[PDB]
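Below are the chains, spelled out letter by letter.
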Amino acid sequence: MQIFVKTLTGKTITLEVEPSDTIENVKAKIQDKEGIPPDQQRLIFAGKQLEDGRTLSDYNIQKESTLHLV
Ligand SMILES: [Zn+2]
Ligand SMILES: [Zn+2]
Ligand SMILES: [Zn+2]
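Header annotation of the entry names X-ray crystallography as the structure determination method and lists the resolution as 1.40 Å.

A look at unusual backbone geometry
Its identity as a non-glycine residue notwithstanding, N60 has a phi of 65°, on the positive side. Owing to a relative accessible area of 54%, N60 belongs among the exposed residues under this scheme. Its identity is not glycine, yet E64 carries a phi of approximately 65°, on the positive side. With respect to the element layout, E64 can be found in the loop between β4 (48-49) and β5 (66-69). Taking relative accessible area as the criterion, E64 reaches 42% and is therefore assigned partly exposed.

Examining the pairing of β5
Successive side chains on a regular strand alternate, one facing one side of the sheet and the next facing the other. The side-chain alternation of β5 yields one buried face, formed by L67 and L69, and one unburied face, formed by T66 and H68. Bridging between strand β1 (residues 2-6) and β5 involves three bridges; their strand directions are parallel. Its bridge partner lying in β5, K6 is registered against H68. Relative to β5, strand β3 (residues 43-45) is paired through two bridges, and the arrangement is antiparallel. Bridge pairing links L43 to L69 in β5.

Considering the side chain of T55
Relative to the helices and strands, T55 resides in the loop between β4 and β5. A relative accessible area of 15% means that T55 is categorised as buried. Residues in contact with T55, not counting those within four places in the same chain, are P19, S20, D21 and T22.

A word on the sheet that holds β3
One open sheet holds the five strands; their spatial order is β2-β1-β5-β3-β4, and the pairing between them is mixed. Of all strands in the sheet, those bounded by a partner on one side alone are β2 (12-16) and β4. Pairing between β3 and β4: two bridges, direction antiparallel. By the bridge assignment for β4, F45 is matched with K48.

So, the coordination of the zinc ion (ligand 1)
Protein-derived ligands of the zinc ion (ligand 1) are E18 (OE) and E18 (OE), with the metal-ligand distances lying across 2.0 to 2.8 Å. Distance-wise, the zinc ion (ligand 2) is placed 5.8 Å from the zinc ion (ligand 1). Summarising the element assignment, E18 is placed in the loop between β2 and α1 (23-34).

Calculation rules
Residues numbered from 1 in each chain as written, not as in the entry; some residues may be left out. Chains lettered and ligands numbered in written order. Heavy atoms only, no water. Buried < 20%, exposed > 50% of the residue type's maximum accessible area, 1.4 Å probe, protein only. Helix = DSSP H or I, 4+ residues; strand = E, 2+ residues; numbered from the N terminus. Pairing = 2+ DSSP bridges. Contact = heavy atoms within 4.5 Å. Donors = N, O, S within 2.8 Å, 3.2 Å for Na, K, Ca; no water.

Structure follows, in structure tokens:
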């Protein structure tokens, strides 16, 4: 499936993922896209701070959903 991530510069990046992908997996994809080390990444979805060990599905993150990097 596909989700979007807003960077600290307002840039929108597109990620191909799956419902079971963990937030840690997503941070690795963001690192590849933008070069940001995972430990410097903090993600938010619908006002929820996302934990590395939980999955997109766990957070109700759907197709075409947008996540925020802070
Ligand atoms: Zn798979
Ligand atoms: Zn995956
Ligand atoms: Zn926003």
